[PDB]
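Participant: model the structure of this input:
(6 chains, ligands or ions: 25)
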Number of protein chains: 6
Amino acid sequence: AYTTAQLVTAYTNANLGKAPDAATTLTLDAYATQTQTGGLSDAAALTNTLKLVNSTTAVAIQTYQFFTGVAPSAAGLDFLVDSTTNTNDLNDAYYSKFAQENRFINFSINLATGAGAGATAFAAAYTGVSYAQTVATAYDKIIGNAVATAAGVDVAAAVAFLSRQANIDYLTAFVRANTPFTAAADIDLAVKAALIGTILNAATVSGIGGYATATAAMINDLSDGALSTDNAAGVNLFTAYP
Amino acid sequence: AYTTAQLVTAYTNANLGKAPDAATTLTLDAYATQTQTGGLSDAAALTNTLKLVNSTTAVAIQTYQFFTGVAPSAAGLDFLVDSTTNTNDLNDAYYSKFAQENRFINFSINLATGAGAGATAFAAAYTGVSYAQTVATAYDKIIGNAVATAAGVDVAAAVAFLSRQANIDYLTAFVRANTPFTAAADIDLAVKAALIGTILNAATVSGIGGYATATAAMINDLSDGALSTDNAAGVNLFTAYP
Amino acid sequence: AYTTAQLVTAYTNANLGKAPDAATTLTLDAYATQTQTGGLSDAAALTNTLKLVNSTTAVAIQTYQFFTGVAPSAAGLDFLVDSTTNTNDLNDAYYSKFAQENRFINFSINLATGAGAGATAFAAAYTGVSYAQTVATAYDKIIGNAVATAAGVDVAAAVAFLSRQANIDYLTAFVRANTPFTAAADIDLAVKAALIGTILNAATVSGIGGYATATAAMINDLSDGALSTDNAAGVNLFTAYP
Amino acid sequence: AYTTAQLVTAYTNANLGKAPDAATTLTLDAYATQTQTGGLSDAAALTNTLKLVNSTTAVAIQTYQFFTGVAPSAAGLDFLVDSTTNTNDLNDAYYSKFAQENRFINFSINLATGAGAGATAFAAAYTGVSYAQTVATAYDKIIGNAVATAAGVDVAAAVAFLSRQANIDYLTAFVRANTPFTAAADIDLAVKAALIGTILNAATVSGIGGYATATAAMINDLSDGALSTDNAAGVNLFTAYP
Amino acid sequence: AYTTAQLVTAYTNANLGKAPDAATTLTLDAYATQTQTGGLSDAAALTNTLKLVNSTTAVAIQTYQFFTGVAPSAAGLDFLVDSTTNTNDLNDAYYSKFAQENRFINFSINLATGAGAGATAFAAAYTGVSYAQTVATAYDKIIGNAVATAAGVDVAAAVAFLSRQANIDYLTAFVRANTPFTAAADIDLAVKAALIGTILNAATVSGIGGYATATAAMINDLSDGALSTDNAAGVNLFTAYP
Amino acid sequence: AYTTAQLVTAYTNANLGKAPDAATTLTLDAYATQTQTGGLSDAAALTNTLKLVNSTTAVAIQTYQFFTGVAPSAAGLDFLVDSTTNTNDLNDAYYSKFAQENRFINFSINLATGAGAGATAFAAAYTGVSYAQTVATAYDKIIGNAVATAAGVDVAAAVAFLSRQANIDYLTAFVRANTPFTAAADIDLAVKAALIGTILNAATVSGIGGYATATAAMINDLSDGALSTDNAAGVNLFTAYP
Ligand SMILES: CC(=O)N[C@H]1[C@H](O)[C@H](O)[C@@H](O[C@@H]2[C@H](O)[C@H](O[C@@H]3[C@H](O)[C@@H](O[C@@H]4[C@H](O)[C@@H](O[C@@H]5[C@H](O)[C@H](O[C@@H]6[C@H](O)[C@@H](O)O[C@H](C)[C@H]6NC(C)=O)O[C@H](CO)[C@H]5O)O[C@H](C)[C@H]4NC(C)=O)O[C@H](C)[C@H]3NC(C)=O)O[C@H](CO)[C@H]2O)O[C@@H]1C
Ligand SMILES: CC(=O)N[C@H]1[C@H](O)[C@H](O)[C@@H](O[C@@H]2[C@H](O)[C@H](O[C@@H]3[C@H](O)[C@@H](O[C@@H]4[C@H](O)[C@@H](O[C@@H]5[C@H](O)[C@H](O[C@@H]6[C@H](O)[C@@H](O)O[C@H](C)[C@H]6NC(C)=O)O[C@H](CO)[C@H]5O)O[C@H](C)[C@H]4NC(C)=O)O[C@H](C)[C@H]3NC(C)=O)O[C@H](CO)[C@H]2O)O[C@@H]1C
Ligand SMILES: CC(=O)N[C@H]1[C@H](O)[C@H](O)[C@@H](O[C@@H]2[C@H](O)[C@H](O[C@@H]3[C@H](O)[C@@H](O[C@@H]4[C@H](O)[C@@H](O[C@@H]5[C@H](O)[C@H](O[C@@H]6[C@H](O)[C@@H](O)O[C@H](C)[C@H]6NC(C)=O)O[C@H](CO)[C@H]5O)O[C@H](C)[C@H]4NC(C)=O)O[C@H](C)[C@H]3NC(C)=O)O[C@H](CO)[C@H]2O)O[C@@H]1C
Ligand SMILES: CC(=O)N[C@H]1[C@H](O)[C@H](O)[C@@H](O[C@@H]2[C@H](O)[C@H](O[C@@H]3[C@H](O)[C@@H](O[C@@H]4[C@H](O)[C@@H](O[C@@H]5[C@H](O)[C@H](O[C@@H]6[C@H](O)[C@@H](O)O[C@H](C)[C@H]6NC(C)=O)O[C@H](CO)[C@H]5O)O[C@H](C)[C@H]4NC(C)=O)O[C@H](C)[C@H]3NC(C)=O)O[C@H](CO)[C@H]2O)O[C@@H]1C
Ligand SMILES: CC(=O)N[C@H]1[C@H](O)[C@H](O)[C@@H](O[C@@H]2[C@H](O)[C@H](O[C@@H]3[C@H](O)[C@@H](O[C@@H]4[C@H](O)[C@@H](O[C@@H]5[C@H](O)[C@H](O[C@@H]6[C@H](O)[C@@H](O)O[C@H](C)[C@H]6NC(C)=O)O[C@H](CO)[C@H]5O)O[C@H](C)[C@H]4NC(C)=O)O[C@H](C)[C@H]3NC(C)=O)O[C@H](CO)[C@H]2O)O[C@@H]1C
Ligand SMILES: CC(=O)N[C@H]1[C@H](O)[C@H](O)[C@@H](O[C@@H]2[C@H](O)[C@H](O[C@@H]3[C@H](O)[C@@H](O[C@@H]4[C@H](O)[C@@H](O[C@@H]5[C@H](O)[C@H](O[C@@H]6[C@H](O)[C@@H](O)O[C@H](C)[C@H]6NC(C)=O)O[C@H](CO)[C@H]5O)O[C@H](C)[C@H]4NC(C)=O)O[C@H](C)[C@H]3NC(C)=O)O[C@H](CO)[C@H]2O)O[C@@H]1C
Ligand SMILES: CC(=O)N[C@H]1[C@H](O)[C@H](O)[C@@H](O[C@@H]2[C@H](O)[C@H](O[C@@H]3[C@H](O)[C@@H](O[C@@H]4[C@H](O)[C@@H](O[C@@H]5[C@H](O)[C@H](O[C@@H]6[C@H](O)[C@@H](O)O[C@H](C)[C@H]6NC(C)=O)O[C@H](CO)[C@H]5O)O[C@H](C)[C@H]4NC(C)=O)O[C@H](C)[C@H]3NC(C)=O)O[C@H](CO)[C@H]2O)O[C@@H]1C
Ligand SMILES: [Ca+2]
Ligand SMILES: [Ca+2]
Ligand SMILES: [Ca+2]
Ligand SMILES: [Ca+2]
Ligand SMILES: [Ca+2]
Ligand SMILES: [Ca+2]
Ligand SMILES: [Ca+2]
Ligand SMILES: [Ca+2]
Ligand SMILES: [Ca+2]
Ligand SMILES: [Ca+2]
Ligand SMILES: [Ca+2]
Ligand SMILES: [Ca+2]
Ligand SMILES: [Ca+2]
Ligand SMILES: [Ca+2]
Ligand SMILES: [Ca+2]
Ligand SMILES: [Ca+2]
Ligand SMILES: [Ca+2]
Ligand SMILES: [Ca+2]
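Facilitator: Numbers count the residues shown, from 1 in each chain, chains lettered A, B, ... in the order given. Ligands and ions are numbered 1, 2, ... in the order given. Sure, structure below:
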């Protein structure tokens, strides 16, 4: 049985010191009532509670792991999500106008293009590759073909939907109108990051794939208040939480 | 085997001293015959007998528990349902023109708006929340998403039906024409109580959810004549009947 | 193996001394042949043999039990069905123009209206009750909601069919044109008896319900020639044959 | 393994000394080959061999059993089917123009009307009975309602088909144009025999019912050459072959 | 594992010294490869290898067995299929223009009409029999009604298809234009042989029936090079290979 | 768990010293990630890794085995796929314009026509055989009728599709416009090689058949770097890898 005070504290640690909104408080309150009435197990309530921090914390963990090869530390997560020194962070008015999918795309573009840490690695490996191939390889890397088929979703339809011309046209307009890029090569590279960022958003929403499971464990690890690993140079998701 | 005299006495205690109507007497008489003919078990007949007091007793128990956080005592139930000092109570001519759903809405509006005990708590928590969010959170709090899916009903369709624009338009007309409220904020808060009151009526009619099960046990506890707990400050449903 | 002589004697005792008709004799003869050829068990043949006395004996037993609260005795059954002192009885030319359903309605009207034994009790309990409620309560009392659903028949459709406006219009015309009643209250009470009488006919035709099972046992008890209980003041079906 | 010589001898005894036709010889020869090739068991071949004598021997056995109450003896069967003293018998040119169904009707009319042995018994029992009732009772007596439903055939459809107005119109034309009867009562009685005769033909063709099973055993008993019972006054099928 | 040299030698013995054609050699070569790759068992390859000799050897065995009552010997098979003294045999240019079905019909006509060994027996038994009866009896004799139903094919449809007016019109044209017969009786008898010959072709193509199984064993017996029985007066298929 | 360095080395040995392309590197990288995240077993990743060398290595192994009767050695594979002395090999700019199916056809034409090693054997066996027969025999030889049916694919539809007139018209145009052949016999022989080459491409794409399984084992054997057999005169696939 979870009290509403316990759930909001777990959410606060997962959200890194940010108090829940009034609407989210009612959702957390509903979860607490279900546990007391025998309608929801203790483990299920916590997982649902930690599922509300997807747009604010899971975006920071997953984008760094794919691009920079390592997830940010507790101090790095604190700076990115909710910090006093960072005026523009994930849960402030600067990002308040974005959705979950747009937030994933923004970090993907920033990391792979310009002054991002993984920008040089992204350009070397993702050059000379078509849009369809990038989607196909990223989908297998993030979610996986075997795992997705076992879960029930159709891989062939999902890959085609993500690589449709409508998605490409919208993303290239998003890159050109927003990013300070105008060359064909620079725009082409940035669209690839946007395509990958969409896949990352799809994986965390559905919860299927190695990336989605790994970031869930890290959020659960951070839920109690202190990260168990908390490595200074970053936490490798795949080896910290096998 | 239940005699018709036993069933009406159980109903009278559940209805708090009110004699059954002539139509309800035939329904109770039919239940007694089925038990004697081996067509209905003793436990099933009593549960069906206590299912006829939904509009007169279960409304008082459930509305107080959700809003004030505690169910009324035996003396409090007596005053609300059938008392000599209370000229206008649930089973008199004042409420004789209402249906089951309208009765649930009336207590919800009275408790959450004006001089209700839980009015101050309701305003603090349910401010800045949209209509769709209030329905979604209340449905999970009262009935529950996991329990409803297991029972067979579709949660997604049920929530959309309860939050349709037709329901909102009818409820806001009900609030404005009946309640002494004219400000946008006051009307908006009252409609939220009406939306929650509809959910409470849905839960007790279908019998799915923690609230429906809890109020059934309290009515069964009151059926014999004396409430087992009968706390002076109120009976907490979720801890008295786990 | 049942001989045709044995079957007609069992039918005669069930019909209370009335010899079977020529058409019914062939039906009884067919049952005897099936037992000798190994196509029908001994118990099944007797039950089918006793199923042909529904319109002449089961009508007397069931109507008295529902209205007067007790089934007629062996002497009472003899007077009602086939007696020398009673010029107008069930199996004579006076009732030869009626069907099974009409026979059930006639006793229901006679008992509940006028000089019937149960007329005073029927008026006290069945006053202020709508037609739909009377059908719903009688159907549960006679057949039962749980038993009917288990058997496979749809209760919701059956109740609506029995309470349709076409049935009410036919029955009120039957009451007004036949019974010596013209007041609204007297006609309304008589139609309720007709509605109940139709339900009794439905129960005995289909064989589902406590009433149908109980009257079958009494007919089987009377089949051998002498009733086992044969109480002077009447036989209570539900306690004599649990 | 049955040789073609053995099969024709079994058929000859079943047909009471009549040699098989050239077409029937090929059918018997085909049965013999199947047994030698392992495609048909010995018991199945004999039953199929004895199924070809339906129109010549099973008609004599079944009609007498239903009407006269006893099957003909071996000498009686010999006179009826194939005898030197009887110029007009079942397997001669006199009956060579009839089919299986017409042969059954002819004996039914002869036995129940005119100088038949069972004519007086048939008139006493089958007077005052409608056509539909006669078909319904005869079908239960010969085939049976329970047995037919278990086999898979629909009793309700079969009875209605046998009692259709087209069947009655054809049969009454058959009776009037052929039998020397013109009165309404005499024609009505003869049509009842024709209706029963059709049922007997249906039972032996399909092989369902006590009559069909009983006459099959008697033919099998006669197959070896000598009847085991061979009672002088007739063989009662239901007690000789339980 | 079968080598391509072994398969062609088995086919040569089955074909009685005739070397396989170039097209058939590839088919035999494909069977050998499948056994070496673990895609086909040794027994299955030999049965498929012996299934290619249907039009040249199984025609001689089956037609003699049905008509003359005995299959030809090894010397008789050698003369009929592939012999130096016989200029016109089954696998030469004389029969190179015929198909499998036409080859079966040719032997049936030759044996049952003219100077055939079984011509006198065929005329005595198959006189006075209609076309439909001949097809029905031959189908039961060759394939069998019980065996065909167990295999899954519909006997009623198959018999009607083989006895359709289109088949009769084609066969009677085949008989009249080819055979030196012009009388009605002679043509009628020859068409019956053609109808039976078609059934024999159907049985060996599908592989269902006692005849098809028996001739397969004899071909398998001849496959090694020397027939095990090799009776001088002929081999009776049904007793040599039970 | 496979590292991306291990997968590319396995692919390099399978591709015989050729470094993977940038697009293929991402595919190999995705396989490595899945193994580390527990979404793909070690054996499955290697098989998928070796499935990307179908167009460059499996074409050399399979075409030689079918036509020349033996697969090329490690030195022979090195010369054909990736060698310094061979300016025009499978993975250079000379073959960079072809697809997988066209590559299979090219070797089939070269080997069976002109100066190919198996040209003389192909002409001797595949002369006087129709197009439909060649497809039917090759399909059974390469994939097999029994194996294909067990896998689920329809053999009858597949053979008809491969032998359709549209396929023949395209292939004969391919032969005439490309190969230096103009005679009817030479073109006819070359089209047969093209038809077989298409079947080989179909077998390796679907992975069904003895040829597909055998060439997979040889590629797996070559994956570690050194071939286990490495016979100087060639490796017989069916006996080296049973
Ligand atoms: C392992 C670990 O724990 N490491 C930590 C360290 O130990 C240490 O504690 C600390 O570090 C930080 C961190 O590494 C930081 O990384 C940044 C960061 O990931 C990210 O930052 C953003 C960037 O500085 C910048 O913004 C603009 C802006 O997004 C703009 O986009 C427009 C615009 O918003 C408006 O017009 O709306 C449009 C729709 C929008 N367009 C799009 C496409 O979205 O776009 C431009 C061009 O893309 C972009 O430059 O400002 C943001 C506010 C900022 N975000 C946050 C949350 O702060 O990406 C950087 C590339 C990345 N830098 C490097 C280097 O990798 O870097 C600082 C140093 O600069 C470091 O101290 O934290 C570690 C995690
Ligand atoms: C724990 C426990 O056991 N406690 C008990 C105590 O120990 C003690 O024994 C005792 O207490 C009572 C009780 O707490 C009472 O609580 C009241 C009560 O819940 C409720 O009361 C109603 C209210 O006083 C009032 O009415 C009007 C009216 O409903 C009107 O609505 C119109 C109108 O009917 C007509 O026009 O038709 C329209 C369709 C209708 N509109 C709508 C929208 O329905 O609407 C106005 C505005 O909403 C409303 O004020 O009169 C009712 C007759 C009355 N109902 C009953 C059953 O009595 O709500 C009050 C807000 C609530 N008060 C407080 C405070 O919470 O309060 C009294 C003291 O006043 C107390 O003694 O019982 C405890 C249970
Ligand atoms: C426990 C036990 O065993 N008790 C027995 C006693 O110990 C004792 O042995 C003995 O008793 C009898 C019995 O109690 C009797 O009961 C009667 C009886 O149940 C019933 O009787 C009928 C009634 O007297 C009457 O008839 C008319 C008539 O039905 C008429 O209807 C018209 C008409 O037929 C024509 O126009 O066609 C129309 C279509 C039709 N209309 C309708 C609607 O059908 O309608 C009027 C008004 O309804 C009606 O009065 O005459 C009938 C012939 C008679 N039936 C039989 C079978 O006899 O109902 C009585 C109300 C009931 N009486 C009492 C009192 O309850 O009563 C006598 C004394 O009168 C008693 O000796 O048997 C016990 C079973
Ligand atoms: C256990 C359960 O749940 N059962 C239910 C079923 O599962 C099902 O859901 C529904 O099914 C029904 C049910 O089986 C039913 O049966 C009918 C019914 O019993 C009755 O129905 C009445 C009838 O159609 C009709 O009657 C007239 C009338 O009897 C008339 O007689 C006159 C008249 O009384 C007066 O003038 O006096 C005269 C002397 C008299 N003449 C006589 C007696 O000769 O005679 C005519 C024929 O000439 C007759 O049509 O109309 C009534 C309104 C109707 N009543 C109701 C309540 O509907 O009798 C039918 C013979 C009977 N049918 C069959 C078949 O048995 O059947 C329907 C058929 O669709 C079925 O759907 O409900 C169950 C409760
Ligand atoms: C127990 C036992 O074993 N008993 C045996 C005895 O011990 C003893 O061995 C011995 O007995 C016989 C037997 O009992 C016989 O029984 C006969 C017999 O069952 C049957 O006989 C037929 C009857 O005599 C008669 O014919 C005409 C004819 O059918 C005609 O019909 C016309 C006509 O054919 C033409 O116009 O075509 C029309 C389409 C056709 N119409 C129809 C409707 O079909 O119709 C008339 C009127 O119906 C009819 O009389 O002649 C037949 C040739 C004959 N059939 C045979 C097979 O012989 O029915 C008799 C009524 C019955 N008699 C008695 C008595 O029951 O009787 C003799 C004595 O007469 C007896 O020796 O065998 C015992 C079995
Ligand atoms: C048990 C055993 O092993 N016995 C063997 C012996 O021990 C001994 O070793 C030896 O015997 C042979 C064998 O018994 C032979 O039997 C023959 C044989 O079965 C068969 O022979 C055919 C017949 O002689 C004949 O031909 C014509 C021709 O078919 C013609 O048809 C035309 C024509 O082809 C053209 O116009 O095209 C048309 C489409 C075609 N029409 C049709 C309808 O097809 O039709 C006429 C009339 O039907 C026909 O006579 O010539 C054939 C070439 C020949 N076939 C072969 C394969 O040789 O049928 C004979 C009736 C049969 N004879 C007897 C007798 O039964 O007989 C010789 C002696 O003549 C004997 O030495 O082999 C035993 C098996
Ligand atoms: C068991 C083992 O390991 N053996 C090895 C040896 O031990 C030894 O190590 C070594 O041997 C080689 C090898 O045996 C070689 O075999 C060749 C080879 O299989 C193949 O070679 C091709 C051929 O020489 C040739 O080309 C043209 C060309 O393809 C042309 O096609 C046109 C053209 O490309 C353009 O116009 O586009 C068109 C679309 C196209 N048309 C079509 C239809 O595709 O077509 C003509 C006519 O078909 C053709 O001649 O040149 C190619 C570049 C070459 N391919 C490669 C990969 O090198 O087929 C030869 C017939 C075969 N030779 C013999 C002999 O069998 O032979 C050399 C000696 O010449 C030997 O040293 O390797 C062993 C495996
Ligand atoms: Ca913080
Ligand atoms: Ca901040
Ligand atoms: Ca932790
Ligand atoms: Ca009270
Ligand atoms: Ca009151
Ligand atoms: Ca209690
Ligand atoms: Ca009597
Ligand atoms: Ca009387
Ligand atoms: Ca008794
Ligand atoms: Ca005889
Ligand atoms: Ca005779
Ligand atoms: Ca016997
Ligand atoms: Ca030879
Ligand atoms: Ca020859
Ligand atoms: Ca052998
Ligand atoms: Ca190399
Ligand atoms: Ca090269
Ligand atoms: Ca190796």
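
Participant: relative to its centroid, which residue of chain A is most remote?
Facilitator: residue A:37 (32.9 Å; CA atoms, centre = their mean).

Participant: contact partners for that one?
Facilitator: Going by CB atoms under 8 Å, 6 or more residues apart in numbering or on different chains, residue A:37 touches B:144, B:209-211, B:213-214, B:238. Quick note: C-beta positions are derived from backbone N, CA and C, even for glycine.

Participant: measure it to residue B:208 for me?
Facilitator: 12 Å (CB to CB, to the nearest Å).

Participant: any buried residues in stretch A:79-89, and which?
Facilitator: A:79-83, A:89 (16 or more other CB atoms under 10 Å in any protein chain shown).

Participant: let me have the residues you listed in TSV, extended by distance to residue F:196 and secondary structure.
Facilitator: What follows is those, written out as TSV (distance: CB to CB, whole Å; DSSP: H, G, I helix; E, B strand; the rest coil):
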residue	distance to residue F:196	secondary structure
A:79	65	helix
A:80	61	helix
A:81	63	helix
A:82	68	coil
A:83	69	coil
A:89	65	coil
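
Participant: out of the residues you listed, who's nearest residue D:6?
Facilitator: Closest approach to residue D:6 among the buried residues of stretch A:79-89 (CB to CB): residue A:81, at 97.6 Å.

Participant: these two touch, right, the closest one and residue A:60?
Facilitator: Yes - checked against CB atoms under 8 Å, the pair residue A:81 and residue A:60 is within contact range at 5.9 Å.

Participant: the residue farthest from the centre of chain A and residue B:236: what is the separation?
Facilitator: The value you get for residue A:37 to residue B:236, if CB to CB is used, is 12 Å.

Participant: likewise residue A:199?
Facilitator: With CB to CB as the criterion, residue A:199 and residue B:236 are 48 Å apart.

Participant: of those two, which one has the most company?
Facilitator: Shown here are residue A:199 and residue B:236; by other CB atoms under 10 Å in any protein chain shown, residue A:199 has more neighbours (24 against 15).

Participant: show me what contacts the more buried one?
Facilitator: Counted by CB under 8 Å, 6+ apart, residue A:199 has contacts A:135, A:138-139, A:142-143, A:162.

Participant: now do the phi/psi pair for the residue of chain A found nearest ligand 19.
Facilitator: Nearest residue of chain A to ligand 19 (CB to the ion) works out as residue A:152 at 68.7 Å. In terms of degrees, to the nearest 10, the main-chain angles of residue A:152 are phi 120, psi -20.

Participant: and it, how many neighbours?
Facilitator: 7.

Participant: how about residue A:196?
Facilitator: 27.

Participant: test my guess that it contacts residue A:107.
Facilitator: No - counting by CB under 8 Å, residue A:196 stays clear of residue A:107, with 10.6 Å between them.

Participant: now the residue most central in space within chain A: how far from residue B:152?
Facilitator: When CA atoms, centre = their mean is applied to chain A, the residue found nearest the centroid is residue A:59 (2.7 Å). Counting by CB to CB, the gap from residue A:59 to residue B:152 is 36 Å.

Participant: cool, residue A:29 as well?
Facilitator: If you go by CB to CB, the gap between residue A:29 and residue B:152 works out to 26 Å.

Participant: again with residue A:141
Facilitator: Taking CB to CB, one finds residue A:141 at 39 Å from residue B:152.

Participant: over to residue A:72?
Facilitator: 44 Å.

Participant: same question, residue A:206
Facilitator: Relative to residue B:152, and taking CB to CB, residue A:206 is found at 24 Å.

Participant: that older thread, among the contacts of residue A:37, which are in helices?
Facilitator: B:210-211, B:213-214, B:238 (DSSP state H).

Participant: of those, which is the most crowded?
Facilitator: residue B:211 (25 neighbours).

Participant: quick check: chain neighbours aside, which residue is closest to that one?
Facilitator: For residue B:211, ignoring the flanking residues on the chain, the nearest one in space by CB to CB, 6 or more residues apart in numbering or on different chains is residue B:142 at 5.0 Å.

Participant: count of residues packed around that neighbour?
Facilitator: So residue B:142, with other CB under 10 Å, has 25 neighbours.

Participant: relative to residue D:20, how far out is it?
Facilitator: Residue B:142 is 85 Å from residue D:20, by CB to CB.

Participant: you'd agree residue A:192 is up against residue A:109?
Facilitator: No - contact status for residue A:192 versus residue A:109: not in contact, 9.9 Å apart, counting by CB under 8 Å.

Participant: re earlier: which of the buried residues of stretch A:79-89 lies closest to residue B:176?
Facilitator: For these, the nearest to residue B:176 is residue A:82 (41.7 Å; CB to CB).

Participant: got the contact list for that closest one?
Facilitator: Neighbours of residue A:82 in contact, by CB under 8 Å, 6+ apart: A:15-18, A:56, A:89-91.

Participant: out of the residues you listed, what pair is the most spread apart?
Facilitator: So for the contacts of residue A:82, where distance means CB to CB, the most widely separated pair is A:17 and A:90, at 12.2 Å.

Participant: more neighbours: which of those two?
Facilitator: Neighbour count, other CB under 10 Å: between residue A:17 and residue A:90, residue A:90 has more, with 25 against 12.

Participant: wait, what's in contact with that one?
Facilitator: Residue A:90 neighbours (CB under 8 Å, 6+ apart): A:55-57, A:59-60, A:80-82, A:103.

Participant: closest one to residue E:5 out of these, please.
Facilitator: Looking across those and measuring by CB to CB, the closest to residue E:5 is residue A:59, at 70.6 Å.

Participant: now name the helix or strand holding that closest one.
Facilitator: helix A:59-67 (DSSP states H and E).

Participant: please, where are all the helices along chain A?
Facilitator: A:4-14, A:22-36, A:42-50, A:59-67, A:74-81, A:100-112, A:119-125, A:131-142, A:145-151, A:155-162, A:165-178, A:184-206, A:210-223, A:237-240.

Participant: just the ones you listed: most buried one?
Facilitator: helix A:59-67 (a mean of 25; mean count of other CB atoms under 10 Å in any protein chain shown).

Participant: ligand 15 contacts on chain A?
Facilitator: Residues of chain A lying near ligand 15 by CB under 5 Å from the ion: none.

Participant: in chain A, what residue is nearest chain B?
Facilitator: residue A:37 (2.7 Å; CB to the nearest CB).

Participant: contacting residues for the closest residue to ligand 24 within chain A?
Facilitator: For chain A and ligand 24, the shortest gap (CB to the ion) falls at residue A:128, measuring 21.0 Å. Contacts of residue A:128 were listed using CB under 8 Å, 6+ apart, and they are F:22-23.

Participant: contacting residues for residue A:176?
Facilitator: Residue A:176 touches A:182, A:187, counting by CB under 8 Å, 6+ apart.

Participant: and the nearest residue to residue A:69 once chain neighbours are set aside, how many neighbours does it have?
Facilitator: Nearest residue to residue A:69, sequence neighbours excluded (CB to CB, 6+ apart): residue A:118, at 7.2 Å. Residues within reach of residue A:118, counting by other CB under 10 Å, total 20.
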